[PDB]
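In structure tokens, the next block holds one chain alone, the form deposited in one PDB entry.
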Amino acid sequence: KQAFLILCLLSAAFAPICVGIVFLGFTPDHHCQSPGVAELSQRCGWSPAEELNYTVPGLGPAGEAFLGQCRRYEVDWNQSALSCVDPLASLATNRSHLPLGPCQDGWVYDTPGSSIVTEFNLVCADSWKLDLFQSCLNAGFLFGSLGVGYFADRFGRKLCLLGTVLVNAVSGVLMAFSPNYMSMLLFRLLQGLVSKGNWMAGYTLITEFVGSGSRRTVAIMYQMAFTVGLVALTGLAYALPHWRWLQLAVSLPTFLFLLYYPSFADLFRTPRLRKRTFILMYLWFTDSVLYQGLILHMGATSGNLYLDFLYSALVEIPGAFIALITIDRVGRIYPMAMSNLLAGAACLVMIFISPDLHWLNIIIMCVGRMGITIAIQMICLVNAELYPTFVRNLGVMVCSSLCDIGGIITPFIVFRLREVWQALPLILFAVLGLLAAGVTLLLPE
């Protein structure tokens, strides 16, 4: 009870770290700031959207909003010769011919809140530095998954866990006060180092305290605690429009936990075990890539982010309960295959739905998120029981590191590859899911 409560709290408090980029690092509509614009808007009395129409460059042919977002007319707005009705009509017959410069004078963001993007100006040529935030976090996970085993091998368990909790709490708080991007990424990285160590430690403790007659149940509980964490994060992000306030409020939960007081070659030597390991690695990679992929996509494209994220998080609960039934009554291999086929098909269909059908797109997104949630429940158990107890620890640690490599790769896909073609990420997610579906059928039941 008491211990189950602090471990579930630690799980719920992990979820804001993993997915916080969706709310701490949203990108609003933006355009080059300039002198004289506000003064001409006062003199003529422009309304906001009207001011945007007269001032900001046009979106251009069938797309190319980049030239509105990252460029401006090289025009002297201070000139009283400009017309109140339309200043650009005083200068060129076609608005395309005017000289375009970059946003050297800074940017204007349409939001009452703030995000790391809006604070550090992670837009245009800098825009990759946003995804680098999630890259640094997943690199933290990757290094920590190696370092924690050596630390726990050479330092006492209870002290190890208390240390990693303290480090996570303090680095999380300090990130809220970080004065520049590089310092922020160093706190992010350090938190990435300790976050997954804390999570897996709590999971180990809770699955040790509860016997196998209830272990599976308590594990699914622990997971639903992560879902509750996503819901709490959604409420906090709704109530707290500023990222710095959100980053404090996210970190203080951890202070309650404080206030409370072999042969790696073995995975590959045998060709059967080698093939099985490669499959399990692929499934882990694909599910991690799909889960972070869809969460980041949603955060990057959804128009009603708080509601879409709430619905999608709530949908994880039915998926967990369905898994809890299915593992016992039906099996694992065909369930995890159909759940990956369902996620892949959902990603495929999301390519063809016109974005105005948001009421349908959210349903397809929910079906996909349920599918991958079931897959994530199934894969943990299959990855565990397919390895003998002697090998289990090494195999889980290694395969769950491919999760983190996928988490390092995914941000560049979702935030950079999408710029080539908006559908492309969903094409990749479709291919990855459908292949993980097919490959799943090769595992023994």
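Under this definition, the rigid core comprises the largest set of C-alpha atoms superposing within 1.5 Å between the forms. Numbers follow the displayed sequence, beginning with 1.
This protein has a second form, the form deposited in another entry, left out of what is shown; the following refers to that one.
Annotation for residue 277: C-alpha shift of 2 angstroms or more between this form and the one not shown, rigid core superposed. Core-superposed comparison between this form and the one not shown: the C-alpha position of residue 268 differs by no less than 2 Å. Residue displacement note: residue 306 has its CA displaced by under 2 Å between this form and the one not shown (rigid core superposed). Relative to this form, residue 304 and residue 61 approach one another in the other entry, with their C-alpha atoms ending up at least 3 Å closer. In the other entry, the separation between the C-alpha atoms of residue 214 and residue 384 shrinks by 3 Å or more relative to the displayed form.
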